[PDB]
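# Examination of the molecular architecture
Listed below are the residues making up each chain.
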Amino acid sequence: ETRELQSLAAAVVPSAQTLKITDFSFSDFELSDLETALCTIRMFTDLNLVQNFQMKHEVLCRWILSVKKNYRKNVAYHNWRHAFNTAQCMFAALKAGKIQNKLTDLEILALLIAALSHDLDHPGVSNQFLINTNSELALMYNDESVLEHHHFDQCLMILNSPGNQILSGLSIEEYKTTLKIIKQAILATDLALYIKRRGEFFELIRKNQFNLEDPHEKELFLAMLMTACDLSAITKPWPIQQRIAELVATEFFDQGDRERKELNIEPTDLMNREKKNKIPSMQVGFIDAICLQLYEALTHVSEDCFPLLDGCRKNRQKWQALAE
Ligand SMILES: CCCOCCn1c(=O)c(NCCN2CCOCC2)nc2cnc(-c3ccc(OC)nc3)cc21
Ligand SMILES: [Mg+2]
Ligand SMILES: [Zn+2]
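Residues numbered from 1 in each chain as written, not as in the entry; some residues may be left out. Chains lettered and ligands numbered in written order. Heavy atoms only, no water.

Structure determination for the deposited model, as stated in its record, used X-ray crystallography, and the stated resolution is 1.96 Å.

This is how it looks when you write it as structure tokens:
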């Protein structure tokens, strides 16, 4: 809608202080859709992206609304609020977490765009489901990071749309570098790619060989940072984390309902509402095997990222208290 764009573009953008976007503890629960969009403008503004890249206000506002409308409203978890929270975590890690100091303006621009765009048009079902139902998307991307390639395709489509070209002011070499970083950052949100590459990151930190001047190490770090932001709701203060965990389970159970109807199978425990009693133990297993070492590794990179680790540890203990 053209009225919604005009409303957003004509609105006063409150400070980062007022919006509380610098806090790792931030919750979007009390915010209206308009407030999330103003928070998003504030993120680009305070990371010096609007001034640096000569972004026109109306074009940025149109792009933010185009990204928001390209998230489905019938998906419990992978909707606009999740993408918005991922970008807010990116902003907090860059500012309060001091990750901004370690990156170029181009890498920050690409990371913020990628965080907001990483789950575009998520259908509320996994890669395995798309492969299982012989989806045209699974065929195009040979069953590898299917959704992630589709999120990037949607990201590119919006970036190329008339009136939405926030990268129009970049030089050719900057534009090509940015799209490359965005693609790798979105593809990194595939947990199978995270498992595949994390060992290398953890060894580089352990051996004190971590060097962001090495282009391979920079790309690897950007990928790890994308996963850290993606999973960040798991580090939130318990009441916030618990409410988001309810949405995560709702979406997995919604998939299980589709699997029973369309595939005639008993879903895996993760996607089986009948086995909802497994939630606390599965949350503990997932935090231990996936989350903890990531937040520890990020804290080793920048000590100011510690609140993400602290929150992750406190939630692990609370889930374990429910599981045992
Ligand atoms: C709450 C729903 C049950 O949750 C059990 C743990 N849980 C899994 O068991 C799992 N298994 C497949 C991934 N696999 C697991 C094996 O290793 C490779 C990757 N995926 C999850 C993906 N997201 C989350 C999650 C939860 C809360 C939150 O914020 C609050 N943010 C993210 C949890 C997950
Ligand atoms: Mg995703
Ligand atoms: Zn995500």
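Here the narrative resumes, following the displayed structure.
### Quick notes on the pattern of salt bridges
As enumerated under the stated definition, the model contains 16 salt bridges in all. Among the ionic pairs, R260 bridges to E266, the shortest N-O distance being 2.7 Å. One continuous salt-bridge network, built from bridges that share partners, spans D28, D33 and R81. (Salt bridge = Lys/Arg side-chain N within 4 Å of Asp/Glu carboxyl O.)

### A look at the UniProt feature "binding site: Mg(2+)" in the protein
Feature annotation in UniProt places "binding site: Mg(2+)" on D119, given in this structure's numbering. With respect to the element layout, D119 can be found in the loop between α7 (105-117) and α8 (127-132). Excluding anything up to four places from it in sequence, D119 contacts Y71, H78, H82, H151 and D230. Reaching out from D119, the side chain makes a polar contact with the side chain of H118 at a distance of 2.9 Å. (UniProt positions renumbered as here; feature names shortened; annotations may be inferred. Helix = DSSP H or I, 4+ residues; strand = E, 2+ residues; numbered from the N terminus. Contact = heavy atoms within 4.5 Å. Polar contact = N/O pair within 3.5 Å; in protein donor to acceptor, adjacent residues only side chain to side chain.)

### Some points on the packing of helix α6 (residues 80-94) against helix α13 (residues 215-230)
Put simply, α6 and α13 touch, their axes get as near as 8 Å, and they point 120° apart. With respect to their mutual orientation, α6 and α13 come out oblique. Considering how the two elements wind past one another, α6 and α13 form a crossing that is right-handed. The segment α6 lies against α13, with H82, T86, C89, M90 and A93 engaging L225, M226, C229 and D230. Considered class by class, the residues forming the contact of α6 with α13 number six nonpolar, two polar and one charged. (Axes fitted to C-alpha atoms, helices over the stretch in contact; angles between N-to-C directions. Parallel < 35°, antiparallel > 145°, perpendicular 65-115°, else oblique. Left-handed = near helix turned anticlockwise from the far one by under 90°. Nonpolar A, V, L, I, M, F, W, Y, C, P; charged D, E, K, R; others polar.)

### Some details on the site of ligand 1
Neighbouring residues of ligand 1: 13 residues in total, closest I195, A233, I234, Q283 and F286. At 3.1 Å from an oxygen atom of ligand 1 is found a main-chain nitrogen or oxygen belonging to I234. The side chain of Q283 places a nitrogen or oxygen atom 3.5 Å from an oxygen atom of ligand 1. When residues of the shell around ligand 1 are traced back to their parent elements, those giving at least two are α14 (238-263) and α15 (279-301). Classifying every residue of the shell around ligand 1 gives eleven nonpolar, two polar and no charged. (Near = heavy atom within 4 Å.)

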